[PDB]
Amino acid sequence: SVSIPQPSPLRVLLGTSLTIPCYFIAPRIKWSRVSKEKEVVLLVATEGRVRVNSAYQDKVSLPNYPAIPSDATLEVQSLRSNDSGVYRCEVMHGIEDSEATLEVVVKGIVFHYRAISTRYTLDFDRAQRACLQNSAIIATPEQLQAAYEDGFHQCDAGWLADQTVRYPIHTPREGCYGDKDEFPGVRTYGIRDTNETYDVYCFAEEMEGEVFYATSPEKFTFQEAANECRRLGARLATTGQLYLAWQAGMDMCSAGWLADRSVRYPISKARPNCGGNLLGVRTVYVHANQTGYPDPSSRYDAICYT
Ligand SMILES: CC(=O)N[C@@H]1[C@@H](O[C@@H]2O[C@H](C(=O)O)[C@@H](O[C@@H]3O[C@H](CO)[C@@H](O)[C@H](O[C@@H]4O[C@H](C(=O)O)[C@@H](O[C@@H]5O[C@H](CO)[C@@H](O)[C@H](O[C@@H]6O[C@H](C(=O)O)[C@@H](O[C@@H]7O[C@H](CO)[C@@H](O)[C@H](O[C@@H]8O[C@H](C(=O)O)[C@@H](O[C@@H]9O[C@H](CO)[C@@H](O)[C@H](O[C@@H]%10OC(C(=O)O)=C[C@H](O)[C@H]%10O)[C@H]9NC(C)=O)[C@H](O)[C@H]8O)[C@H]7NC(C)=O)[C@H](O)[C@H]6O)[C@H]5NC(C)=O)[C@H](O)[C@H]4O)[C@H]3NC(C)=O)[C@H](O)[C@H]2O)[C@H](O)[C@@H](CO)O[C@H]1O
Ligand SMILES: *[C@@H]1O[C@H](CO)[C@@H](O)[C@H](O)[C@H]1NC(C)=O
Ligand SMILES: *[C@@H]1O[C@H](CO)[C@@H](O)[C@H](O)[C@H]1NC(C)=O
Ligand SMILES: *[C@@H]1O[C@H](CO)[C@@H](O)[C@H](O)[C@H]1NC(C)=O
């Protein structure tokens with residue numbers, strides 16, 4: 001008689017802490033998560049002891065077990081996008097066993113943003129407006145830490161909502177060592193004066209509409225792309241909306257204009273000729289050091305948003 005007294009699905013933000021109450025009426029508690037075609041066992045508990053999946057140590061626990069033997073409440077800390085899925089609370093008592101499920105959707109995505117004024121040109125105030133102009137708000141360290149645990153690697157320092165300047169690193173290297181040297185993790189410069197200029201990390205929570213490509217035989221200049229999205233009853237998508245679209249699996253091997261006068265394209269399948277065997281939002285720059293948005297007269301597709 002296992003029950004989870006919560007409506008499904010449950011939608012929570014990236015970087016927060018989750019609590020799934022599970023009650024039931026010597027028993028063996030087993031928590032699992034079903035995401036795509038895979039299933040992961042989070043923890044197993046019996047006789048007052050909790051064995052936790054090695055990769056989820058300190059992240060998941062039973063805060064009320066075994067102090068209350070019939071309370072299998074699960075707590076998940078530092079919610080990532082890969083912590084989304086169908087959570088199963090399973091209890092066994094001898095040959096008997098029942099279960100309850102709850103689908104959890106972790107909303108949001110963190111992305112690095114280099115502005116049209118180019119590298120390290122955003123002070124704390126302009127770092128905040130760049131996110132607002134891209135369907136997002138400046139990210140918190142908790143959100144950046146969660147994105148790093150999802151594999152985010154970016155060797156560009158950027159402002160954060162707590163007036164710190166950080167960047168996440170998985171593969172330490174000359175130029176990306178920071179304060180942490182060869183150990184992986186999110187580097188930090190500490191709290192910085194607001195007049196200092198860096199990039200920024202933005203957190204896009206959600207979007208109501210859909211992102212789609214609009215093209216033509218001879219492509220579009222930036223202003224022609226803006227008119228084409230308008231003609232179709234839409235508008236140019238922002239960088240934040242493209243990242244959310246990519247997160248939902250959008251793939252298009254063609255660069256296109258965005259509302260911030262940038263040129264990007266999403267890649268969800270790693271091919272050599274499309275994205276260079278990399279996944280994510282690829283940005284086209286003028287100079288090889290990833291500086292300078294393309295000239296507005298350059299011809300690209302239009303990335304629209306309903
Ligand atoms: C105050 C005080 O004092 N403070 C303190 C501190 O101190 C500090 O510290 C700091 C630290 O931090 O440490 C420092 O800083 C530093 O400093 C130094 C000195 O000065 C510096 O240096 C640094 O900086 C850095 O550096 C670095 C280096 O350099 O290294 C850098 O790095 C970078 O990073 C980044 C980020 O992560 C990255 O990204 C990079 O990398 C790169 O990248 C690039 C890019 O991205 O771009 C790349 O490239 C690329 O790649 C890709 C991939 O692979 C590719 O893809 C590409 O290519 C392309 O591709 C494409 C595709 O898509 O694929 C193509 O296209 C195509 O094509 C094809 C053929 O044609 C076609 O097919 C297609 O299409 C298709 O088809 C077609 C036909 O066919 O027809 C058509 C249609 O269309 C379709 O269908 C196409 N596609 C399309 C779509 O269209 C193309 O072609 C190609 O091109 C690529 N690109 C290229 C251009 O190539 C690469 O790879 C890579 O590499 C990196 N880099 C490198 C070099 O590596 C960074 O960034 C930076 O940052 C600094 N740092 C920082 C962070 O800042 C300072 O100094 C001091 O003061 C301390 O520390 C502490 C403790 O003690 O404390 C405090 O308080
Ligand atoms: C997190 O989920 C994204 C979704 O595409 C996936 O690409 C990435 O590999 C996942 N990371 C981890 C560490 O599971
Ligand atoms: C910010 O202001 C301080 C104090 O006025 C000044 O010394 C410093 O050069 C400025 N920083 C930058 C990055 O311009
Ligand atoms: C990037 O390369 C271009 C072209 O050589 C150069 O003008 C520029 O100074 C370089 N660095 C930065 C930080 O823009």
Side-chain angles (χ1 to χ4, degrees), residues 11-15 35-38 79-85 105-116 130-139 143-156 158 167-168 170 199-215 220 222 225 229 232 234-285 290 293-294 300-306:
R11 300 178 177 270
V12 283
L13 271 63
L14 176 80
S35 308
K36 57 162 207 62
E37 288 183 312
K38 77 167 181 173
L79 287 170
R80 307 166 304 167
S81 189
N82 282 277
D83 291 313
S84 292
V105 178
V106 184
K107 302 184 304 179
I109 182 174
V110 175
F111 59 95
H112 161 258
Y113 190 82
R114 182 164 290 171
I116 191 174
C131 295
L132 296 175
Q133 293 163 356
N134 285 276
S135 306
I137 55 187
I138 185 164
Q143 294 167 340
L144 178 59
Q145 179 69 15
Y148 159 79
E149 289 153 356
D150 266 333
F152 193 13
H153 172 101
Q154 195 72 40
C155 184
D156 299 310
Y167 59 99
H170 285 277
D199 291 344
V200 65
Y201 286 87
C202 305
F203 171 77
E205 180 174 359
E206 61 180 7
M207 63 177 184
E208 298 278 0
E210 177 189 351
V211 171
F212 65 96
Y213 271 67
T215 186
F220 301 121
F222 168 76
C229 295
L232 304 169
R235 61 193 302 174
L236 277 176
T238 63
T239 297
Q241 292 171 330
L242 175 56
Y243 269 98
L244 285 165
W246 166 87
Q247 182 188 51
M250 191 187 190
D251 179 89
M252 191 64 69
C253 185
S254 189
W257 287 107
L258 292 174
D260 66 339
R261 314 176 71 90
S262 66
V263 175
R264 312 183 207 267
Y265 58 100
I267 298 297
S268 292
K269 301 162 290 185
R271 295 101 69 186
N273 58 325
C274 291
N277 295 120
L278 295 190
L279 306 177
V281 169
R282 313 296 310 120
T283 301
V284 181
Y285 286 102
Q290 295 151 299
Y293 294 7
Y300 293 105
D301 297 316
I303 304 180
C304 308
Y305 171 82
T306 60

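In this chain, residues are counted from 1 in sequence order.
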Audit row: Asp260, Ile116, side chain to side chain contact (heavy atoms under 4.5 Å, CB included) steps and yes/no: CA-CA 8 Å; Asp260 66 339; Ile116 191 174; over 6 Å; no
Donor on one side chain, acceptor on other, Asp150 and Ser81, under 3.5 Å: no
Donor on one side chain, acceptor on other, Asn134 and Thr239, under 3.5 Å: yes
What heavy-atom pair brings [X] and [Y] nearest, and what distance separates the two atoms?
X      : Y      : answer
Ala214 : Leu232 : CB-CD1, 3.7 Å
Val284 : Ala255 : CG2-CB, 3.9 Å
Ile267 : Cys253 : CD1-CA, 4.4 Å
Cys229 : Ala302 : SG-CB, 3.9 Å
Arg264 : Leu242 : CB-CD2, 3.7 Å
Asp301 : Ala225 : O-CB, 4.4 Å

With sequence neighbours excluded, what pairs up with [X] under the salt bridge (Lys or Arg N to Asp or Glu O under 4.0 Å) test?
X      : value
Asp199 : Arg114
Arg282 : none
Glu206 : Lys107

Any heavy-atom pair between the side chains of [Y] and [X] that's under 4.5 Å?
X      : Y      : answer
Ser262 : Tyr113 : no
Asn82  : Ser35  : no
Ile303 : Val211 : yes
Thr215 : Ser254 : no
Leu13  : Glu205 : yes
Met252 : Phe212 : no
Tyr285 : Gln290 : yes
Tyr201 : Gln143 : no

Rounded to the nearest 0.5 Å, how far does [atom2] of [Y] lie from [atom1] of [X]?
X      : Y      : atom1 : atom2 : value
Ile137 : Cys202 : CD1   : SG    : 9.5 Å
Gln241 : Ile109 : CD    : CD1   : 13.0 Å
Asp251 : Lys269 : CG    : NZ    : 4.5 Å
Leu14  : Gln145 : CG    : CD    : 11.0 Å
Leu279 : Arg271 : CG    : CZ    : 9.5 Å
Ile138 : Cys131 : CD1   : SG    : 5.5 Å

Partner residues of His170 under the ring pair (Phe, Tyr, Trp, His ring centres under 6.0 Å) criterion, sequence neighbours left out: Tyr148
Contacts of type ring pair (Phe, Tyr, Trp, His ring centres under 6.0 Å), residue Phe111, not counting sequence neighbours: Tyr243
Evaluation steps, side chain to side chain contact (heavy atoms under 4.5 Å, CB included), between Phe152 and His112: CA-CA 10 Å; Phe152 193 13; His112 161 258; 4.2 Å; yes
Other residues, nucleotides, ligands: >12 heavy atoms within 6.0 Å of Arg11 CZ: no
Criterion side chain to side chain contact (heavy atoms under 4.5 Å, CB included) on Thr283 and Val263, from CA distance to verdict: CA-CA 6 Å; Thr283 301; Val263 175; over 6 Å; no
Check: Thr306 side chain, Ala234 main-chain N or O, donor-acceptor pair, under 3.5 Å: no
Side-chain donor or acceptor of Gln247 paired with backbone N/O of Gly108 under 3.5 Å: yes
Pairwise ring-ring contact (aromatic ring centres under 6.0 Å, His included) hits with a residue in residues 244-264, at least two apart: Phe222-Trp257, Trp257-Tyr300
